[PDB]
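J.: Dumping the structure here so I can ask a few things about it.
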Amino acid sequence: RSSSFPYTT
Amino acid sequence: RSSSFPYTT
Amino acid sequence: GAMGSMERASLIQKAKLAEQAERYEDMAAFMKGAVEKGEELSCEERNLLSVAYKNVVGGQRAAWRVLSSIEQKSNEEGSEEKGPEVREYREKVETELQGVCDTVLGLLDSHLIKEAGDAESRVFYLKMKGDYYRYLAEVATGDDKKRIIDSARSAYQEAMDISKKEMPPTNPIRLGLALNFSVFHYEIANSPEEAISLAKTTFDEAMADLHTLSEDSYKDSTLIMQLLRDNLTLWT
Amino acid sequence: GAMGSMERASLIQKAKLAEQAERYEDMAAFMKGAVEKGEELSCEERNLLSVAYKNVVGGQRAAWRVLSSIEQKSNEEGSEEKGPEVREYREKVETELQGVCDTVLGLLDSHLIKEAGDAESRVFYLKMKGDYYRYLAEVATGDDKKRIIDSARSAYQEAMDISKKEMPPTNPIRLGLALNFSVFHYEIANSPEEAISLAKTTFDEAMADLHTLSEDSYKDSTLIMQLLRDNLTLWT
Ligand SMILES: [Ca+2]
Ligand SMILES: [Ca+2]
Ligand SMILES: [Ca+2]
Ligand SMILES: [Ca+2]
Ligand SMILES: [Ca+2]
Ligand SMILES: [Ca+2]
Ligand SMILES: [Ca+2]
Ligand SMILES: [Ca+2]
Ligand SMILES: [Ca+2]
Ligand SMILES: [Ca+2]
Ligand SMILES: [Cl-]
Ligand SMILES: [Cl-]
């Protein structure tokens with residue numbers, strides 16, 4: 001569950 | 001915003 | 001159509017996978033394929049059909065309402081003219097929505113309803129017919145608006161008549177039918193008093209029959225009864 | 001294609017409407033049409049393109065992960081054989097995902113990247129190239145997996161090189177690029193130490209430049225910096 005950008009709701 | 005059945009998330 | 005070469009059981013299996021993946025357009029296409037095999041649907045299969053199309057049309061209805069609101073604001077006084085684009089795109093979404101409703105109504109007419117002899121199946125399909133005519137009525141503005149409304153009313157009424165004769169007041173299909181028919185009265189037919197009366201009577205007759213139910217059936221029925229209560233609170 | 005008869009400005013207007021309606025497939029189709037008019041994209045238009053396709057591919061990636069998990073469980077010991085359906089449907093979603101990635105990469109190659117001369121536009125498009133190769137790498141298993149990975153790496157690296165030369169450390173495009181390249185290292189390239197090092201260095205160099213920014217720019221940069229921190233917390 002890594003965070004990337006952009007992201008969705 | 002009346003409630004009906006079935007419904008979505 | 002495109003699902004003609006796939007086994008019925010494989011279509012049902014893939015509909016369940018599509019649901020888990022939240023791929024509701026796929027789910028609906030698989031269930032349409034299953035219906036077109038020509039065999040009657042089991043209770044579980046009927047629920048898969050309903051869930052699939054409810055999610056598809058739900059996305060379209062929500063989008064339509066957003067665009068309709070923008071369009072209506074554009075036709076106010078002092079609103080700057082921004083060309084045909086809002087109307088065009090609202091019309092695009094509307095046409096797609098009408099296409100989905102027509103697809104569902106087509107499945108019901110060819111030949112789900114005529115083959116449905118048990119109360120549970122017949123009421124389920126007539127409720128669906130009412131619902132999808134109701135969604136058509138939400139976007140209707142032309143000559144045929146009155147006929148669309150009457151088609152929804154007629155389907156709901158036939159379903160109500162069977163359900164009252166053949167099902168207990170706590171049956172979830174009966175409850176969901178009455179809920180949705182009450183919403184029809186309030187939102188489509190300009191009959192808020194009828195909507196409230198139906199919701200009240202339905203709730204009260206269900207309350208009086210809860211004592212007959214198992215714990216699991218009690219949970220199923222009270223969930224829908226809460227929706228009746230939620231509407232009554234909003235409407236009164 | 002289908003958008004060839006619609007004005008560029010009308011396509012952009014409808015992309016914004018589609019976003020408001022949460023109709024991301026439509027939004028992406030409108031933006032593809034706008035790109036195919038052949039003019040360069042403004043900053044706002046580049047963001048519309050990115051948002052549209054990120055939402056489309058996001059739905060596909062989430063679905064693919066659900067189905068892949070079910071498939072992997074099916075190939076465990078003691079798991080009952082249930083036929084080809086899970087694999088088939090995973091493959092269907094995978095092919096659709098690959099199609100979207102190929103569409104985006106096609107737009108970038110014909111001819112967004114070659115026409116992009118300003119650092120902000122060039123880095124934006126090279127980041128996008130890295131991202132969509134990364135999404136292809138997530139589902140790749142065959143001979144070409146190593147080449148797909150290297151294509152993502154190469155695009156990210158070119159973007160990094162330009163961004164370091166031409167943009168401040170707090171630039172949101174630079175920050176989002178570094179964030180996503182660090183995710184590439186961790187999730188695709190089996191290089192968790194490189195991922196952590198990049199995230200740390202990026203965060204620290206941004207922290208030191210925040211003092212130069214307005215309140216609004218500060219908000220934009222710190223939002224992405226928090227994502228770097230969130231990953232560092234997960235990874236260490
Ligand atoms: Ca993520
Ligand atoms: Ca509702
Ligand atoms: Ca067969
Ligand atoms: Ca129309
Ligand atoms: Ca009975
Ligand atoms: Ca009254
Ligand atoms: Ca023109
Ligand atoms: Ca494949
Ligand atoms: Ca600069
Ligand atoms: Ca170490
Ligand atoms: Cl349109
Ligand atoms: Cl399939």
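Note on naming: chains are A, B, ... as they come in the structure tokens, residues start from 1 per chain, ligands start from 1 in the order shown.
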Which chain C residues have any atom within 12 Å of an atom of ligand 11, and for each, what is the nearest pair of atoms with distance in Å to one decimal, counting only C-alpha atoms and all ligand atoms, rows sorted by chain and number, as CSV?
T.:
residue,atom,partner,partner_atom_place_in_ligand_line,distance
C:67,CA,ligand 11,1 (Cl),11.5
C:84,CA,ligand 11,1 (Cl),9.4
C:85,CA,ligand 11,1 (Cl),6.8
C:86,CA,ligand 11,1 (Cl),8.0
C:87,CA,ligand 11,1 (Cl),8.2
C:88,CA,ligand 11,1 (Cl),4.9
C:89,CA,ligand 11,1 (Cl),3.9
C:90,CA,ligand 11,1 (Cl),7.4
C:91,CA,ligand 11,1 (Cl),7.3
C:92,CA,ligand 11,1 (Cl),5.4
C:93,CA,ligand 11,1 (Cl),8.1
C:94,CA,ligand 11,1 (Cl),10.5
C:95,CA,ligand 11,1 (Cl),10.6
C:96,CA,ligand 11,1 (Cl),11.2
J.: Any residue with an atom at most 10 Å from ligand 10 counts, using only C-alpha atoms and all ligand atoms. Which are they? Put them as a PyMOL selection string.
T.: chain D and resi 192-194+196-197+236
J.: Can you tell me which residues sit at most 8 Å away from ligand 3, counting only C-alpha atoms and all ligand atoms, written as a list in words?
T.: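 Every residue with an atom at most 8 Å from ligand 3 is listed here: residues 6, 7, 8 and 9 of chain C.
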J.: Print the selection's residues with N, CA and C atoms to a file, as a compact mmCIF listing (two decimals), in the first residue's frame.
T.:
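Saved the output as result.txt:
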# COMPACT_ATOMS: atom_id res chain seq x y z
N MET C 6 -20.01 -18.55 -24.10
CA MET C 6 -19.57 -18.89 -22.75
C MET C 6 -20.65 -19.69 -22.03
N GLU C 7 -20.23 -20.75 -21.33
CA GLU C 7 -21.14 -21.53 -20.50
C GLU C 7 -21.93 -20.67 -19.52
N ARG C 8 -23.19 -21.04 -19.30
CA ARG C 8 -24.01 -20.38 -18.29
C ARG C 8 -23.30 -20.33 -16.93
N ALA C 9 -22.78 -21.47 -16.47
CA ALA C 9 -22.17 -21.51 -15.15
C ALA C 9 -20.94 -20.62 -15.06
J.: Write down, as JSON, numbers by chain, each residue of chain D that has any atom within 12 Å of an atom of chain A, counting only C-alpha atoms.
T.: {"D": [19, 22, 24, 47, 48, 49, 50, 51, 52, 53, 54, 55, 56, 57, 58, 59, 61, 62, 65, 124, 127, 128, 131, 134, 135, 172, 173, 174, 175, 176, 177, 178, 179, 180, 181, 182, 183, 184, 185, 186, 187, 188, 192, 195, 199, 223, 224, 225, 226, 227, 228, 229, 230, 231, 232, 233, 234, 235]}
J.: For residue 35 (chain C), work out the shell of residues within 9 Å, counting only C-alpha atoms and skipping chain neighbours fewer than 5 positions away, then give it as a count of residues only.
T.: 8
J.: Could you pull out the residues sitting within 10 Å of ligand 5, using only C-alpha atoms and all ligand atoms, and write them as an MDAnalysis selection string?
T.: chainID C and resid 118:120 162:168 171
J.: Check the DSSP output for the backbone and give back, as a ChimeraX atom specification, the residues of region 11-87 of chain D in alpha helix (DSSP H).
T.: /D:11-20,24-35,43-74,85-87
J.: Using only C-alpha atoms and all ligand atoms for the distances, tell me which of C:14, C:108, C:34, C:4 is nearest to ligand 12.
T.: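 For ligand 12, the nearest of the given residues is C:14.
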J.: I need the chain D residues near chain C as a PyMOL selection string; criterion: at most 6 Å, counting only C-alpha atoms.
T.: chain D and resi 21+63+66
J.: In Å to one decimal, how far is CA of residue 102 (chain D) from CA of residue 1 (chain D)?
T.: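 A separation of 16.1 Å between them.
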J.: Just how far from CA of residue 42 (chain D) is CA of residue 129 (chain D), in Å to one decimal?
T.: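 Taking CA of residue 129 (chain D) and CA of residue 42 (chain D), their separation equals 18.0 Å.
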J.: Could you give me, as number ranges by chain, the residues within 10 Å of residue 158 (chain C), counting only C-alpha atoms and dropping anything in the same chain fewer than 2 positions from it?
T.: C: 122-123, 126-127, 130, 153-156, 160-163
